[PDB]
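Peer 1:
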Amino acid sequence: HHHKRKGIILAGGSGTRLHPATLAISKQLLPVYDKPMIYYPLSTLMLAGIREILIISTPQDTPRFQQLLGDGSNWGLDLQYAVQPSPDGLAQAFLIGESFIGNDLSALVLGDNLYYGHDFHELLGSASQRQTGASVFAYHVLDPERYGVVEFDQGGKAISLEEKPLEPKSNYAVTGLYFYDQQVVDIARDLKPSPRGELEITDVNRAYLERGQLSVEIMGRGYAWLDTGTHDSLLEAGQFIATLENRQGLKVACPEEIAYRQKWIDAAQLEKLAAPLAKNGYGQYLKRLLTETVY
Amino acid sequence: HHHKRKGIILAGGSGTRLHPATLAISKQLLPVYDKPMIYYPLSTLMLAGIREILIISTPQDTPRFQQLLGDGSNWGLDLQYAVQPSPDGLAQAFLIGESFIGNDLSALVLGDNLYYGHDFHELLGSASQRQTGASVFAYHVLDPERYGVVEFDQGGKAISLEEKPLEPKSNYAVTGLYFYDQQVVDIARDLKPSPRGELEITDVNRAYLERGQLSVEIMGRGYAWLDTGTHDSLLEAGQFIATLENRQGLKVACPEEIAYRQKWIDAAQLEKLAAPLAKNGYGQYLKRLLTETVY
Amino acid sequence: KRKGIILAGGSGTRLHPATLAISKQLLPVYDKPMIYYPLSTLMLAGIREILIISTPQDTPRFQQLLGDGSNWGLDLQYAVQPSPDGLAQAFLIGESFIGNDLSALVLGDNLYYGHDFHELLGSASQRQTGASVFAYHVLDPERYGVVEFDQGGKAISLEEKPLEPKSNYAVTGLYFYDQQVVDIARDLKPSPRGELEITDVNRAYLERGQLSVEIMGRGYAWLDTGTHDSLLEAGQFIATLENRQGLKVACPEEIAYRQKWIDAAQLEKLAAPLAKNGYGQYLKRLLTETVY
Amino acid sequence: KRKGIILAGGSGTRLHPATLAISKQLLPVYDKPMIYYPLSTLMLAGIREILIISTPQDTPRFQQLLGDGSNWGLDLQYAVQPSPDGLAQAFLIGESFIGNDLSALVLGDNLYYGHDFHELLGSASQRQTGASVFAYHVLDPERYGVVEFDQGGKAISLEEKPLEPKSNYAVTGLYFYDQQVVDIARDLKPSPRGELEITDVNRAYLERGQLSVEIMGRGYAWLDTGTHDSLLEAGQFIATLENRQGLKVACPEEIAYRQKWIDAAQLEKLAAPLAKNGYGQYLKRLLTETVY
Ligand SMILES: Cc1cc(Cn2c(N)c(N(C)S(=O)(=O)c3ccccc3)c(=O)[nH]c2=O)ccc1Br
Ligand SMILES: Cc1cc(Cn2c(N)c(N(C)S(=O)(=O)c3ccccc3)c(=O)[nH]c2=O)ccc1Br
Ligand SMILES: Cc1cc(Cn2c(N)c(N(C)S(=O)(=O)c3ccccc3)c(=O)[nH]c2=O)ccc1Br
Ligand SMILES: Cc1cc(Cn2c(N)c(N(C)S(=O)(=O)c3ccccc3)c(=O)[nH]c2=O)ccc1Br
Ligand SMILES: [Cl-]
Ligand SMILES: [Cl-]
Ligand SMILES: [Cl-]
Ligand SMILES: [Cl-]
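Residue numbers (the authors' numbering), protein chains in the order written: chain C, -6 to -4, 2 to 293; chain C', -6 to -4, 2 to 293; chain D, 2 to 293; chain D', 2 to 293. A prime marks a further copy of an entry chain.
(1) So what does DSSP say about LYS285 (chain D'), is it helix, strand or coil?
(2) Would you mind stating whether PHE63 (chain D) and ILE185 (chain D) have Cβ atoms separated by less than 9 angstroms?
(3) Under three-state DSSP, which class holds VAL107 (chain D')?
(4) Measure from the alpha carbon of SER97 (chain C) to the alpha carbon of each residue in C:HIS(-6), C:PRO85, C:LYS249, C:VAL183, then state which is nearest.
(5) Just verifying my parser: in three-state terms, what is the DSSP assignment at residue -1 (chain C')?
(6) Quick check: the stretch 96 to 115 of chain C' against the stretch 168 to 176 of chain C', are at least 3 beta-carbon pairs closer than 8 angstroms?
(7) Using a Cβ-Cβ distance cut-off of 9 angstroms, determine whether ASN111 (chain C) contacts chain D.
(8) Classify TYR145 (chain D): buried if its beta carbon has 16 or more other beta carbons within 10 angstroms, exposed otherwise.
(9) Near ligand 7, which residues have their beta-carbon less than 7 angstroms from any of its heavy atoms, given in chain order?
(10) Considering only their Cβ atoms, is the gap separating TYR170 (chain D) from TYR137 (chain D) smaller than 9 angstroms?
(11) Curious, which full-length beta strand (DSSP E) runs of at least 3 residues does the stretch 157 to 189 of chain C contain?
(12) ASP59 (chain C) CB to nearest chain D CB: under 9 angstroms?
(13) Quick one: what does DSSP say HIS119 (chain C) is sitting in, helix, strand or coil?
(14) Going by other Cβ atoms of all chains shown within 10 Å of its Cβ, with 16 needed for buried, is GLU120 (chain C') buried or exposed?
(15) Give me the Cα-Cα distance between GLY220 (chain D) and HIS116 (chain D), rounded to the nearest whole angstrom.
(16) Report yes if the CB atom of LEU242 (chain C) is closer than 9 angstroms to the CB atom of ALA240 (chain C'), and no otherwise.
(17) Could you tell me the boundaries of the alpha helix (DSSP H) in which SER231 (chain D) lies?
(18) What's the call for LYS25 (chain D'), buried or exposed, on a 16-neighbour Cβ count within 10 Å?
(19) Return yes when at least one heavy atom of ligand 2 lies under 8 angstroms from the C-beta of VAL107 (chain D), else no.
(20) May I ask you to report which of helix, strand or coil DSSP gives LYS2 (chain D')?
(21) Between which two residues does the beta strand (DSSP E) containing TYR79 (chain C) stretch?
(22) What residues from the stretch 226 to 258 of chain C' come within 7 angstroms of chain C, judged by C-beta to C-beta, listed N to C?
(23) Give the residues of chain C' in contact with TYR280 (chain C), contact being defined as C-beta atoms less than 7 angstroms apart.
(24) So which of C:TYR293, C:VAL214, C:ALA273 has the shortest CA-CA distance to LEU122 (chain C)?
(25) In this structure, how does DSSP classify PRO29 (chain D') when only helix, strand and coil are distinguished?
(26) Using the beta-carbon of each residue, which ones in chain D' are nearer than 9 angstroms to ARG204 (chain D)?
(27) Should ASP151 (chain D) be labelled buried (16 or more other beta-carbon atoms within 10 Å of its own) or exposed?
(28) Write down the C-beta distance between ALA19 (chain D') and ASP32 (chain C') rounded to the nearest angstrom, noting that I regard them as a contact closer than 8 angstroms.
(29) Any contact between the stretch 186 to 203 of chain D and the stretch 160 to 169 of chain D? By contact I mean 3 or more CB pairs, one from each, below 8 angstroms.
(30) Would you mind telling me which residues of chain C sit closer than 7 angstroms to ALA19 (chain D), beta carbon to beta carbon, in chain order?
(31) Looking only at its own chain, which residues have a Cβ that is under 7 angstroms from the Cβ of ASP86 (chain D), when we skip the five neighbours before and after it?
(32) Can you name the residues of chain C' whose CB is closer than 9 angstroms to the CB of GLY13 (chain D')?
(33) Between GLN211 (chain C) and chain D, is any beta-carbon pair separated by less than 9 angstroms?
(34) Pop quiz: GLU269 (chain D') and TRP73 (chain D') are said to be a contact at Cβ under 8 angstroms. What is the actual Cβ separation, rounded to whole angstroms?
(35) Would you grab the beta carbon distance between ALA156 (chain C') and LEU212 (chain C') for me? Rounded to a whole angstrom, and I think it's under 8 angstroms.
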């Protein structure tokens, strides 16, 4: 009898690549300017209207995310948690997240991706509304070799996907934000590991492409999709957010704000979250959101 | 007998505020990352479909802008030039630009304002399409005291404008990009100087407001409106553009690109502009635009 | 001999939510945890025996990061400061650690850089009586302990965060002390603000005419990591220097190796688990390259 | 006595369109034109008599900025380099300016910062025979003149932009010369690349055993302003230092005042037209404040 879309954030082991900074704490707990990196994809899923979210991290890191975020109920969310013992590729998320997904639609977001721009809400909404097939976003980059790359024909139809090609067919990278129908778990179960031993998200997306069920929306150049892959790019992302926030006196990817604007929490709930933070600019910001109209 | 909108860039004296950097060359000739500051508002007017543009600068600086930009015909534009002897306020632009405006619609842009974001073309187009009255944009800022400030009532109607108020009524600044009908010159002619001796753009905009002819569109938080008022903010703006451009391998506010995408110049014309620039990344970029599809 | 204290104290809620569930002095400045910077500073002054004082929450996190220090030729101990009751409390908490030895205190969020910094530390630590501090010209002296000089350059007053500062010389977060400091700290009354003040310890030395105040020149960088904006500035400053030089600032393994506290075999062992990133590659490179 | 040359040469089209109709070495690094930095460097080495060599297009722009230098206690002259035919051409163009005196050359886009920089310049300029250069450890030595040292630290080879560099020590864009340099430059054949190379002048001194190569230590900042990305890094580096200290790096008026080339009356006159911004306020402040 009938009378919905779940989220997954993959916040896994960045191995030893960013050591020694990441000896102290996992990558997606490092801040970008003023807030932990995971706040950014979490906020992204929230902006897409997703409230029920599974956070996949290492056994070691699970407790630390849990300590930061809890069960989400203060922000009107239902956050759950699962361990990824080993870094065996991004598609593993769907096998780990299998019982969490159930028979629902899903969205996957990488824990180290930051997005910003105008009408991002509307760009997400058109992905999450398409209730069959899958939807991904293509973004023009300088270094497409580092990503899944999309080739378009002359009428703008997607015709191939390639994982980290040495000779990319275009400058269009697939961003680390994906929307899936109920077929994803069964596609993911049939994947054989790749040459380097990972369950690849590109192979999942190619299965949808081969069935004619993949929507590739362009994420325009007027959106910022930022890179937290290196210490240098983590620093750029910090500068970028700081510049915007200090210009505007508005925050990017403040989860409490997003829950309040989605009406998942009300003004009294937002005031209670502001109380313990009253003595810093972040809690003062939440307080200011109770009385200021922001368009 | 019948069978159009002109642009003005006010690139005037920043006095001695940014000295000694500006002893060598005027403010709007200083670069923001890789291109002279004036490229940014020029590109903004171009994106609005404006081809016929008057550049107002000091007698000293006029020749230097002229040397940089010429008459615009290489980029499919008709740039003209006029001197502002003295820094007597922004509204003077309409008296200086009087014969240039003629009986047409106009757009005014400050030579030190940078804008960026998604569907900026569409945001401009809806201003320039409204062929009577005036249109301005409101942008949430931290420091509204430095700008013209807009007060909205509870239904979102603009009800007051104030120039640099010590006690701002909102955090909404009027950005330095304005669209005017044929009434602007006559409003500007009736302005008495303000307490500090300037012909104020806020007084022009209030005249439209009092006639019920001012449209105030919100420029959303997903747009970046950057500040080149200080050495620090000029540096932020540099970092901001560099981060975006190096992420994307695409340029922000490249005039040649904008003229090519407006179809004001064709592929052969763009190739000829790329030739003298062939030995640097900027000319290599223009060359790459001849063969790459960018969405 | 001289023992060191790093005060990696509580920043309260000021850097929340970055610091929710994540210790301030474990936040990275560019590529390495904040605490590497004061640690390296102490190590550069020749100090191997170091006490890390932090919150009840954060102390075990530093322990789990750094252990007893033996891998870098150090002797690290740990103590907790229950409550942010003033910087001078370090000497009470740290009484039995200091014992009857000379000491140096460094603040956990203070970053230093410059030419002959080794020698500037050397000259302070060699002075075996009195106390030694550094005065650095700053834009906002009101945020710090301020030093007033007379026309002949003698220090004549110290004030903690004065509303009307007598100079632009701030006392940096690096202090050297003789065997008197514990008893000076023990006889302190808390200030109006409710803190055992480090400036109050330093004035006590000044009143005895036993405070050396040396100028840390304008060619040195003393950076603060109090706020999100300063932490960011500091990252960009270090990254700019490191990417230019292909050398690191405040890499403890390098400093221990250069002090001869660890040898080439042990440096090589430290490089192995970091081999697949640039930090281990740098440690490996330091075995074969002559760096003047 | 020692005369100076600033080579503010042609960067071609590489920084276009920023440099279209606007001279490279007049682009600002943070708050001041690029050329203030090498000028100040020369001024810090005690050199008052300075030749600015630039393009036919840019030379009069520097002239119109700086004039004869008399307002800062300097003696500035100007010469043109018709074509970017190598850095060593400075000595041919500058032959009659150098006369029979000692010289120093500095590259117009080179920025230096650090403790006791004054003394490092002092020691090079005091050496009245041979030539003196500085070797600075860098990440990308292939972009520079590279110095090879033997196991005892003696310089044994110099190579201009080697595809396989023998070390990570780059020769900085600051060179001190005796009365031989003009005749060495005059006897140079152009390289395969079509340039009169400064490394070729320096090897000629090395071959005579008259090249001093001193290490510019890792505590000094030597920044390059070749590209848009480096020019930006340099701005952020200087701004971070200046906003922290409330002191300026490479403010020529301050350096002339501190060298006693201009007095307090003249510094005050220079402050007046800049009074309404921070730069003049700083100059005014330097009349009453003691800065160590
Ligand atoms: C429509 C709508 C607007 C907003 C306003 N908003 C926006 N636009 C943003 N952005 C600037 S965003 O859409 O680009 C964005 C949202 C979440 C995470 C990253 C970026 C934000 O960070 N926070 C925020 O409250 C929030 C919720 C909803 Br529903
Ligand atoms: C529709 C359209 C898109 C573009 C693409 N484009 C965009 N979007 C941008 N932007 C990132 S922008 O719309 O925010 C912008 C344009 C001009 C000046 C500043 C920002 C740009 O700088 N250059 C550019 O070619 C150009 C012309 C036209 Br008409
Ligand atoms: C003399 C000496 C030099 C060095 C080299 N060195 C230097 N100079 C530095 N500096 C750039 S520093 O002296 O300004 C510095 C040292 C420790 C912590 C911060 C800065 C460094 O960070 N690491 C380093 O190995 C190490 C130990 C000793 Br003893
Ligand atoms: C000893 C001395 C110190 C000073 C102080 N000083 C210093 N140290 C600096 N430096 C920070 S510097 O020596 O590293 C430097 C000098 C000139 C150009 C670049 C950096 C400066 O920029 N300006 C300045 O007035 C001036 C003249 C003389 Br002689
Ligand atoms: Cl876009
Ligand atoms: Cl928006
Ligand atoms: Cl110094
Ligand atoms: Cl050094």
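From the three backbone atoms N, C-alpha and C, an ideal C-beta is built for every residue, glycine too.
Peer 2: From the atom records:
(1) helix
(2) No, these two residues do not count as a Cβ contact at 9 angstroms.
(3) strand
(4) Put simply, of C:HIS(-6), C:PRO85, C:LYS249, C:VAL183 the residue whose alpha carbon is nearest the alpha carbon of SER97 (chain C) is C:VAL183.
(5) Since the model of chain C' includes -4 and then 2 but nothing between them, residue -1 (chain C') has no atomic positions to report.
(6) Touching, yes.
(7) no
(8) buried
(9) The answer, residue by residue, is D:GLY218, D:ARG219, D:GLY220, D:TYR221, D':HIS116, D':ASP117.
(10) yes
(11) Fully enclosed beta strand (DSSP E) runs of 3 or longer: 170 to 178.
(12) For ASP59 (chain C), no CB of chain D lies under 9 angstroms from its own CB, so it is not counted at the interface with that chain.
(13) helix
(14) exposed
(15) So the two alpha carbons sit approximately 8 angstroms from each other.
(16) The Cβ-Cβ distance between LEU242 (chain C) and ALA240 (chain C') does not fall below 9 angstroms.
(17) 229 to 246
(18) buried
(19) Not so, every heavy atom of ligand 2 lies at least 8 angstroms from the Cβ.
(20) coil
(21) 76 to 81
(22) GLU234, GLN237, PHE238, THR241, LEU242, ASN244, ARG245, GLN246, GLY247, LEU248
(23) Residues of chain C' with a Cβ closer than 7 angstroms to the Cβ of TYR280 (chain C) do not exist, since the nearest Cβ in that chain sits about 15 angstroms away.
(24) C:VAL214
(25) strand
(26) Result: empty, since nearest Cβ-Cβ is about 21 angstroms, beyond 9 angstroms.
(27) exposed
(28) 6 angstroms
(29) yes
(30) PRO29, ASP32, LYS33, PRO34
(31) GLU196, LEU197
(32) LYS277, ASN278
(33) So, not an interface residue.
(34) The Cβ separation is near 14 angstroms, so there is no contact.
(35) 6 angstroms
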